[PDB]
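Chemist: Quick one: this structure, given as structure tokens, is what I'll be asking you about.
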Amino acid sequence: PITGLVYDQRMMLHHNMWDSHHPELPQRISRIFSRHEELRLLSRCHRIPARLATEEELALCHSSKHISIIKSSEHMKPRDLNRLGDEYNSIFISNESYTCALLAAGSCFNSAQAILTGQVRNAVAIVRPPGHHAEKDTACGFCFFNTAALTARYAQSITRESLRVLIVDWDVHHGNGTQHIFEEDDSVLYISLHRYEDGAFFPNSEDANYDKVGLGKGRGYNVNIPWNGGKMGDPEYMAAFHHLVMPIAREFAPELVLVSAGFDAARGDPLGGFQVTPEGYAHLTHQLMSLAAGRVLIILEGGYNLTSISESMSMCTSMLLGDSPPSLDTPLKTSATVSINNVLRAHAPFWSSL
Ligand SMILES: O=C(NO)c1c(F)c(F)cc(F)c1F
Ligand SMILES: [K+]
Ligand SMILES: [K+]
Ligand SMILES: [Zn+2]
């Protein structure tokens, strides 16, 4: 009954040379790691080493063009770096960015491998830059390669091609890249909760609405839970898990659960505007460990209040280690009930549990 933890200080080297206060800070990961030491959670985990993803592994989800362009940034001078970064939606690049993205992905591959070989029951990956906005052919929203999507395909490559992987994305933003990578796939179920605001919230696409249910063989295997017109927190997220996430997940019967665990829906986040508490994230984690015989990998995505993300991630690791859920602190916001109903109507055709 062992929990794995991966963290490597080298992933701090990716940085914004124009704006050293950009919120996707190197110290996001050192702060989370420090809080694990502070709470004496680190000694209770088995340390899994980081490694570099290979280019062949990157090609599980990304085009050779995209891999080659990001790879080449390793040797560019600033004017090439600033120019290339400005060509994407919301990207900064330094000479260390490619290596850090490789380390984030390889850290998660090693963690998924440790879970799938029975060396650990579950695991947490304290990694940056994040992944879930990265597309097959382009970088986006602080993300270069889609770490969680790559980990799903890597897991399939070391087990069987049709291994059922559930990705729960509770970052406050829609994981456009993860949805698109798996949109025609019935072997990877994507469930995202996200602030939507009728398309006005980053990444600003109606791709995030509830009626996008998957394409082709993937019809029914993309579940968008979009929030509008409300400061959502623990009540709304608990309800979404009770009515939608867990019934669908149990029916899917995943063999591996990956969490695209952004903590920017947290109370105090400067960007998300939501109020999920650390106890709330602990309860979401605890529910997901009832799936896949407990095989859960928690992957850091966004989250920009250093204190909030540190407390919130650590509480998730505490649940993975078997600690019992802390106690939650309210009637659902009206629009949250509407959102949950809309999703129930859109996915009841595909999931008899609804
Ligand atoms: O957190 C994020 N995505 O998960 C994110 C992002 F990608 C952006 F481009 C801008 C922004 F303000 C964000 F909070
Ligand atoms: K999300
Ligand atoms: K899918
Ligand atoms: Zn986010």
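If you count by the deposited numbering, then the sequence shown holds residues 442 to 770, 773 to 797, one letter each, in order.
For every residue, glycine included, the Cβ atom is placed at its ideal position computed from N, Cα and C.
Would you identify the three-state DSSP class for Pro-490, choosing helix, strand or coil?
Modeler: Residue state, collapsed to three classes: coil.
Chemist: Can you list, in chain order, the residues of its chain with a C-beta nearer than 8 Å to that of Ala-723? Leave out the 5 residues immediately preceding and following it.
Modeler: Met-756, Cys-757, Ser-759, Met-760, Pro-766, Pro-767.
Chemist: Compare the C-alpha of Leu-769 against each of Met-679, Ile-689, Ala-593, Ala-694 and name the closest.
Modeler: Nearest option by C-alpha distance: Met-679.
Chemist: What did DSSP end up calling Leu-769 once you bin it into helix, strand or coil?
Modeler: Reduced to three states, the DSSP call for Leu-769 is coil.
Chemist: Give me, in chain order, the residues of the same chain whose beta-carbon lies closer than 6 Å to that of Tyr-662; leave out the 5 immediate sequence neighbours on both sides.
Modeler: The residues are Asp-627, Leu-630, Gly-655.
Chemist: Given a cut-off of 8 Å on the beta-carbon distance, is the pair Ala-707 and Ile-750 in contact?
Modeler: It is a contact, given that the beta carbons lie within the stated cut-off.
Chemist: Can you find the residues in the same chain that come closer than 6 Å, C-beta to C-beta, to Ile-511, ignoring five residues on each side of it along the sequence?
Modeler: Excluding sequence neighbours, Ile-511 sits near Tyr-539, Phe-585.
Chemist: Going by C-alpha distance, which of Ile-622, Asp-652, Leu-525, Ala-555 is nearest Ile-666?
Modeler: When only C-alpha atoms are compared, the closest one is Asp-652.
Chemist: Is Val-447 near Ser-598, with beta carbons less than 8 Å apart?
Modeler: It is not a contact, given that the beta carbons lie outside the stated cut-off.
Chemist: Which residues in the same chain have their Cβ closer than 7 Å to the Cβ of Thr-619, if we skip the five residues on either side of it in sequence?
Modeler: The answer, listed in chain order, is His-573, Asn-587, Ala-589, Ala-590, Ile-608, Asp-610, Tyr-631, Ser-701.
Chemist: Within the same chain, show all residues whose beta-carbon is closer than 8 Å to that of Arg-469, passing over the 5 residues directly before and after it, in chain order.
Modeler: Counting only Cβ-Cβ distances below 8 Å, and skipping sequence neighbours, we find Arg-569, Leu-741, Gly-744, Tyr-745, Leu-747, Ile-750.
Chemist: The beta strand (DSSP E) spanning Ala-707 covers which residue range?
Modeler: Looking at the DSSP string, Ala-707 is not in any beta strand (DSSP E), and its letter there is neither H nor E.
Chemist: Using a 10 Å radius around the Cβ and a threshold of 16 neighbouring Cβ atoms, would you call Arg-451 buried or exposed?
Modeler: With fewer than 16 Cβ atoms within 10 Å of its Cβ, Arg-451 is classed as exposed.
Chemist: Pick from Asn-650, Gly-674, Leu-480, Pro-676: whose alpha carbon is nearest that of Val-664?
Modeler: It is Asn-650 whose Cα lies nearest to the Cα of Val-664.
Chemist: Got a sec? Which residues, its chain only, sit under 6 Å from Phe-642 by beta carbon, not counting five neighbours each side?
Modeler: Contacts found: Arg-636.
Chemist: Hey, how far is the Cα of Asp-578 from the Cα of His-487?
Modeler: The straight-line gap from Cα to Cα measures roughly 35 Å.
Chemist: Note down, in chain order, each residue of its chain lying with its Cβ closer than 6 Å to the Cβ of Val-565, except the 5 sequence neighbours on either side.
Modeler: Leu-446, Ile-739, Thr-758.
Chemist: Looking at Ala-494: is its Cβ nearer than 8 Å to the Cβ of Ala-546?
Modeler: Going by C-beta atoms, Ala-494 is nearer than 8 Å to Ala-546.
Chemist: First and last residue of the beta strand (DSSP E) that includes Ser-514?
Modeler: Here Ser-514 belongs to no beta strand (DSSP E), and DSSP marks it neither H nor E.
Chemist: Over what stretch of residues does the beta strand (DSSP E) that includes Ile-608 continue unbroken?
Modeler: Element bounds for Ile-608: 606 to 610.
Chemist: Assign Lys-506 to one of two classes, buried (16 or more other C-beta atoms within 10 Å of its C-beta) or exposed (fewer than that).
Modeler: Exposed, because fewer than 16 other Cβ atoms sit within 10 Å of the Cβ of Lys-506.
Chemist: Quick one: what's got a C-beta closer than 8 Å to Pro-774's C-beta in the same chain, skipping five residues either side?
Modeler: So the list reads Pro-676, once near-sequence residues are dropped.
Chemist: Does DSSP put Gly-445 in a helix, a strand or coil?
Modeler: DSSP places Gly-445 in strand when its eight states are reduced to three.
Chemist: Nearest-angstrom Cα distance between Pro-519 and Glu-496?
Modeler: Approximately 24 Å between the Cα atoms of the pair.
Chemist: In chain order, what residues of the same chain lie with their CB nearer than 8 Å to the CB of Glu-692, ignoring the 5 residues before and after it?
Modeler: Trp-794, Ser-795, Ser-796.
Chemist: Do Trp-668 and ligand 2 come close, with the Cβ less than 7 Å from some heavy atom?
Modeler: No; taking the cut-off as 7 Å, the Cβ of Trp-668 has no heavy atom of ligand 2 nearer than that.
Chemist: By DSSP's criteria, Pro-667 is part of a beta bridge. Which residues make up the other side?
Modeler: DSSP output for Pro-667 lists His-635 as bridge partner(s).
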